[PDB]
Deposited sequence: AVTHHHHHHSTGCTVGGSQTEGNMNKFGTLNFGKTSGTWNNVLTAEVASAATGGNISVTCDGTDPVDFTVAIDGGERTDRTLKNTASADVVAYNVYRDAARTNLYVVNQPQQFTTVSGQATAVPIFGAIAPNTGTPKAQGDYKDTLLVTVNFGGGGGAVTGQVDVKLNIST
């Protein structure tokens, strides 16, 4: 058997972790980054399987609450687009609903890295406040577990 590590059960859902982009003013000049911090330890989500042989699994991430990976501040209608990648260099997007291919490492927890990015926004001021989204991450073992990742950005003064 296999399980997804770092997950917490809360009200008949699994919470895998948080993708927190931090704090910024309503415009910003740099790429904003984040990495999923698991609910349990603040590290990567992972997969562990019993037995010694490697196991094939996939990881698919949806488009969030609005389908287009946008963070939203409820008070305003304002949104900020983002995306998630498997790699630090952002060469490998988690395409919406398309599985990424993994193998477990024998006898070890196997990381499922999730990197977030928000492009610079030098020209369009966003309203102050908390921005949120929730991604659903599905882990399927080729031999299924869905969890929530809470995405966060705060726009301050």
Which parts of the deposited chain sequence are absent from the coordinates, listed in sequence order? 1-11, 155-157
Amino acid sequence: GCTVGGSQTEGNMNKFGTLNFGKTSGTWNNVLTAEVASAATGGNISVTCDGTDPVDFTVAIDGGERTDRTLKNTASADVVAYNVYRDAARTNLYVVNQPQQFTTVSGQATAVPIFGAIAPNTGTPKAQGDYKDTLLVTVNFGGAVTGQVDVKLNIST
From here on, numbers count along this sequence of modelled residues.
For the higher mean C-alpha B factor in the entry, choose 127-135 or 110-118. 127-135
85-93 set against 38-46, stretch whose average Cα temperature factor tops the other in the entry: 38-46
If you compare 98, 30, 104, 101, which has the highest Cα B-factor in the entry? 30
Third of chain Cα B-factors occupied by residue 51: highest
Split the chain's modelled residues into thirds by Cα B-factor; residue 147 lands in the lowest
